[PDB]
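Below is one structure, written out as structure tokens, with a few remarks after it.
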Amino acid sequence: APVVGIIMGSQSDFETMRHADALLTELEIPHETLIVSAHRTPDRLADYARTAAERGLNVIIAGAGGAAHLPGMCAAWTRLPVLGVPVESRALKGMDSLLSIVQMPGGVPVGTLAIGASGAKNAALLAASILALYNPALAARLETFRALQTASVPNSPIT
Amino acid sequence: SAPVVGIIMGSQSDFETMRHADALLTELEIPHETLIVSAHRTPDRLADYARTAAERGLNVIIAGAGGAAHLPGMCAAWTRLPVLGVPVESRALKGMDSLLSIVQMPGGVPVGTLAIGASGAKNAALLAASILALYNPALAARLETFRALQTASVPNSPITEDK
Amino acid sequence: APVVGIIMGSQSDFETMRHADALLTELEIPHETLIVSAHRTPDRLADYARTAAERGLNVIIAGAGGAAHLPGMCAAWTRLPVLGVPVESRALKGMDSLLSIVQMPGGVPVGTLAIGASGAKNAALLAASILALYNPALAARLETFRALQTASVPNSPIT
Amino acid sequence: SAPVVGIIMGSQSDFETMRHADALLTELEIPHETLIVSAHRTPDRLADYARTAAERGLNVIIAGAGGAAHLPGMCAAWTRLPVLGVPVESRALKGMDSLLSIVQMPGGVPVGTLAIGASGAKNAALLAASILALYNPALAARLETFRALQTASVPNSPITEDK
Amino acid sequence: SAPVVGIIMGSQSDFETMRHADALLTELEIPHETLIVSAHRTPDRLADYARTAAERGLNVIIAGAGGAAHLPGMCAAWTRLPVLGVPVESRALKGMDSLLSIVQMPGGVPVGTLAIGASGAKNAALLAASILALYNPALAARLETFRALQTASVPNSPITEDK
Amino acid sequence: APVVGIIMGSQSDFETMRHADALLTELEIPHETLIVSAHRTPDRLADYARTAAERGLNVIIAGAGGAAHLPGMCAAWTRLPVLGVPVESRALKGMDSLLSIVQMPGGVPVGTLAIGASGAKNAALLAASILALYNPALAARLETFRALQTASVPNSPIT
Amino acid sequence: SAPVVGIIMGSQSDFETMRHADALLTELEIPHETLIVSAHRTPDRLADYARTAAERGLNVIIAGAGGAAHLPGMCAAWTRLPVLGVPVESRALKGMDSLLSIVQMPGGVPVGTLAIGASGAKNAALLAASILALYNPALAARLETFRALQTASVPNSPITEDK
Amino acid sequence: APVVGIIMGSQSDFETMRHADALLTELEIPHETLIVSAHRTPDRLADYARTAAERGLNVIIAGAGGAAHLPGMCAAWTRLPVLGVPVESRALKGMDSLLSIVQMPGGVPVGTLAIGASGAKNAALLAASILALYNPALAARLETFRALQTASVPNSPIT
Ligand SMILES: [K+]
Ligand SMILES: [K+]
Ligand SMILES: [K+]
Ligand SMILES: [K+]
């Protein structure tokens, strides 16, 4: 049963959001990966978000670009933590994505990650760190992940 | 009597800006309603408002919000009516967050966006009037009178006041 | 007889504005598609805008890039609704286009759409939603368009 | 009694913003500690604070700083706990330097970033509460009550006051 | 006596900025006219002003506007005279909208653009003077005197006043 | 004898500044085209600018990118009109170039044109419009240029 | 007694910012001179100042200016000494024009750039001190004491004052 | 024994930081070139910076991109001068890198250079100018470098 939902506005967003999917798989976190469009499927979004907690989801990772409303509107309909990934847009390079996700008025939060693939990977890692608070086996796997990441950095660059 | 434009805004704070749209529609004798609808705090209210707007006889929606401003776009997601968006000026980023949040709609769901702040609220009312005037000759005449007076009221030279 | 006029500053703008043309054609909205340069053909612009209403146009869609003055100056000369499309510029990625179109002082409006092809498509859709207020057959075709757009969004991404 | 959230900030000046996180955690009855930790002036204090946070029983860290804002990211470098970042508004660049310094973490070390300023501090507390509520039914009920009251307190229309 | 520079601006509000151009041309004894011409509210006035400027004996036009600032560019579209543009500072975007609206003219129709605000108005007058001085030896001498005094008036060290 | 000097910081700037050179040649305006680096050849710059008027130059067109100081420092040393062309920089797309040229404090002006090739072409046209005030034959050629530019704009785009 | 750092600035207005560099060098007992040099109004003064700095015994130059800020870069063009640049905050663009004008030096002629405003002036003095301390053990000790006290003066928790 | 340390967050940063390495080599300045990640190897960073002075380093050049914390955190742990190079990031073109390096609060300085390769070259040259204050042979080589740079600028561009 999935405990993280990864949602994104379109197939084009998957080039970015696949990095969240891959990370959750590496850490053996059960998850679902879906397309939900805030603008084209607003009722699908409302249903997805309002039923997420009763379906057993613990965290939602939502990615969108441009006037990026998917994470904020998801958070409007769920008390679950919602993490937002700004997808890089063609013209404004994700600055529109970033501001339309992070600048939520007080009362409905979205935890926002970096523009692009780094943000997708980090949304998955942040979801993992949330789940690790209550899952000791996962906490150990996350500590192994962080230890390997630290230990694997080379000491000098190659030409 | 029945409203043909709906003005919606995220908050009482937003009304400092959106009141200019309200006032201008009244000046042009366009029946309208003026409401608070919060995209984030009242999302079900928004869905219901937008999806029933056409059947209630509304022709245009003017929506204003600031920051991560989702109200105009999500309204447009649920109505086939034209939606006009006013970016309300935000404290830190001066409405640039508001502007990009509203204007950068992906293809398929439009929001016609006006200037940041009071200028945009005034112009949203005027753009709504322009839309309605296509089918309403009396309003078209009032709008033409408005534009003519606006043009006639521009002086030829500025006033110097060194005091 | 055309009821929407699509105008643009140059041939180079057509790579963007063709998306408005295509959408109007799909919805069977009679329209004209023309080049009008605010800076190189200012008298052509004045004549086009001032005669638009008497020629039977209902909406003007105007696209331009850089210091983009075509939509605003069109609106100066007509009481018709004018919709502006910021064309992506090479250096500043349409941010110059966007600010020079959207930041109209009160008194002369331009309804502005997104930078680039999305904005061109959406200007056509916004024009359609305006015309649909008075044309029941078009209103039904626009509702079919929106219904198909909603229904066609996949539920999950493909690898 | 023992804290489960740590709120850390770079300076007393930052507390004008971060006090909103402190107040909201108290309202939701979430035990927490509220501290000054300077990334640049007390880097060893930061390393020790972050690396011992989990063993001390903390579950979430909320970190706020402005300008070249390194406190949230460097905290995240030393803890496996979720770190939430609040960009404190800076004088010249209005928190844009704060925001980019915090949110643009390269892949591998996350900071969940909230809005510039007081809005972000309030929302960092609410996001922390959302995280804790996953395992705490009493808190989940308090959070649901909070959201319900927030929704119920939005009026239907704005107030006009021309004075 | 007859004007050789025309200073045009979109509004009375713009004159708070453009008055500095007016004052500096007077100081340099350059005959000029100072007018309000609105690109959006008086577009026919603008077309007539620009297309007749050369035949009326004008040599340079200085045009100032803010926001979506179209006055300098549209003036340049209708005259072969050099047009200098002053971006007037706007409230929300601090004249960045004004600046990009004026300076980013596509190839074929130039506007020589000066700094945002009063600095740009002063420098538009000085640039106009530089242009006119090419053909007017008396003015060239006055301009050289101006620059010499400006240089001579810079002190060697600053003043400390802790009070 | 040259009456316009086109100067630029480096060979790399010539990809942009060649458009000024071409325009002046088309209009038969005698000119010189040179490399002068504000940062690498500051004494060359001082000498060039301070002697420009006595050498018979009427206008200087100066192009530079990044922290672009060439136009402003030229204007510091000459009473001639100085026109500045922001060269597009790799990272910041000429926004650094633009702000470092246009934002001159009052007292020493630089008339600034658009980022990139458009700005180079327009600096040449603006120089031509300055020279045309005193040269009737050139004024007629400039009016022909503007008339041809206006007349040559197509009425509709090609697919 | 003889100065080893030169602080130069474009104007008296700039001294509101650059005075912080002056004060901090005095606190660290670093002999220095503090001058106004205008890149645009006194370009020959600048050339002479920069080209003679090394022979006069200066080791570091701290230069501050705003807007289209050319003073640090042109100083660096004429001296082989390290030049540190302080972007002075500008009115409209909040020092972003100052910052990009100073930091974006093409390869070959460096300016070590500090933060916009007073923070940058303080840090230019500290960076100059760090450079001088490489060869001056007494100054190195004073700088180490400064950093130690700075660290020791950071409290563990903030002060709440609801009044 | 190295007197300059060049450090960078990752192998990917070396495409930029190699230009600092090359310049120091040209000027015969002994140096070390290393990878140190502020986020993945924070203890490596603390150790590197705190021991730098006792190891005989005089200047540290630190390059990083995105949320770029390496230079500032290095400066937190050393009294040596720290020079920061903003590495160009994919989405925001190094503007995130630049602001996260240059905007240091008073008390802990980082001398910041341009975004990208120019900044890396200039960090090396600025380090050289610092070392030249105390090393007469190096001062002469740096003056030769600057003289050659000045003398080598062409007088006119090539087509
Ligand atoms: K009058
Ligand atoms: K009520
Ligand atoms: K004096
Ligand atoms: K204490």
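The residue among A:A46, A:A139, A:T112 whose Cα reaches farthest toward the positive pole of the charge dipole of chain A, with charges on the beta-carbon of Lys, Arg, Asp and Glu, is A:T112. Between the C-alpha center of segment G:51-81 and that of segment H:97-117 there is a gap of 19 Å. In the frame of its principal axes, the protein assembly as shown has Cα extents of 86, 86, 57 Å, reported largest first. Between C:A1 and B:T160, the C-beta separation translates, for a Förster distance of 60 Å, into a calculated FRET efficiency of about 0.70.
For chain H, what D do you get in µm² per second when you plug the Kirkwood radius from alpha-carbon pairs into Stokes-Einstein at 10 °C and 1.306 mPa s? Show your work: numbers first, answer last.
Details: Rh = 15.9 Å.
Translational diffusion coefficient: 100 µm²/s.
Please give me the summed charge of the neighbours of A:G106: other residues whose Cβ is under 12 Å from its Cβ, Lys and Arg +1, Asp and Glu -1.
Numbers: positive: B:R41, D:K122; negative: none.
Summing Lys/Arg as +1 and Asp/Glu as -1 gives +2.
In a simple Cβ point-charge model (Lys, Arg +1; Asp, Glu -1; nothing else charged), the protein assembly as shown has a dipole of about 420 debye relative to its Cα centre. Here the residues B:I36, A:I101, ranked from fewest to most Cβ neighbours within 10 Å of their Cβ, fall in the order B:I36, A:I101.
Any idea what % of Cα-Cα pairs in segment G:17-93 are farther than 20 Å? Please list the in-between numbers first.
Details: 901 of 2926 pairs.
Tail of the P(r) past 20 Å holds 31 percent of the pairs.
Placing unit charges on each Cβ (+1 for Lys and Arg, -1 for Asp and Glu) gives chain E a dipole about its Cα centre, and among E:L139, E:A23, E:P106 the Cα reaching farthest toward its positive end belongs to E:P106.
Under 15 Å from the Cβ of G:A77, count the other residues' Cβ atoms, weight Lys and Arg +1, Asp and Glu -1, and hand me the total. List each step's numbers first, then the result.
Values: positive: F:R40, F:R44, G:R45, G:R51, G:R80, H:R146; negative: F:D43, F:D47, G:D44, G:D48, H:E143.
Every neighbour counted, the sum reads +1.
The ranking of E:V83, E:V88, C:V4 by Cβ neighbour count inside 10 Å, starting from the fewest, reads C:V4, E:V88, E:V83. Give the angle, between 0 and 90 degrees and rounded to the nearest 10, that separates the Cα long axis of helix C:117-131 from the longest principal axis of the Cα atoms of chain C. Approximately 90 degrees, to the nearest ten. Shown here for segment G:69-163: GluC sites (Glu not before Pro) in loop regions (DSSP other than H, G, I, E, B) with at most 15 other Cβ atoms within 10 Å, namely G:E161. For segment D:1-148, the normalised intensity computed at q = 0.12, 0.13 Å⁻¹ comes to -0.43, -0.50 (log10 of I(q)/I(0), Debye sum over alpha carbons, equal scatterers, no solvent).
Compared with the dominant principal axis of the Cα atoms in chain H, helix H:14-26 is inclined by about 50°. Start at zero, step by 10 Å, and the Cα-Cα distances of segment D:119-163 spread as 24, 37, 22, 12, 4, 0 percent across the bins. Take the alpha carbon gyration tensor of segment A:119-159, find the square roots of its eigenvalues, order them as a ≥ b ≥ c, and report rounded if a/c is under 1.5; if not, report prolate when a/b exceeds b/c, else oblate. Oblate.
How charged is the neighbourhood of B:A152? Take every other residue with its Cβ under 13 Å from the Cβ of B:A152, and add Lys/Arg as +1 and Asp/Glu as -1. Intermediate results must be reported in sequence, preceding the final value.
Numbers: positive: B:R147, E:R41, E:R45; negative: B:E144, E:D44.
Surrounding charge for B:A152 is +1.
Based on Cβ point charges of +1 for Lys and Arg and -1 for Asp and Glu, what charge dipole magnitude is obtained for chain F about its Cα centre, in debye rounded to the nearest 20? Spell out each step's value before the answer.
Working: 11 positive and 12 negative charges, 35 e Å.
Rounded to the nearest 20 debye, it is 160 debye.
Cβ crowding within 10 Å, taken as a proxy for footprinting-reagent exposure, orders A:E32, G:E27 from fewest neighbours to most as G:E27, A:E32.
What value, in deg cm²/dmol to 500, does the helix sum -39500 (n - 2.57) over DSSP H runs of n ≥ 4 give at 222 nm once divided by the residues of chain B?
Working: 6 runs with 71 residues, N = 163.
Only helices count here, giving -13500 deg cm²/dmol.
When both segment B:112-134 and segment C:40-85 are represented by their alpha-carbon centers, they are found 16 Å apart.
Since every read-out is calculated from the coordinates, none of them should be taken as a lab result. Every residue, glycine among them, receives a Cβ derived from its backbone with ideal geometry; neighbour counts consider all protein chains shown.
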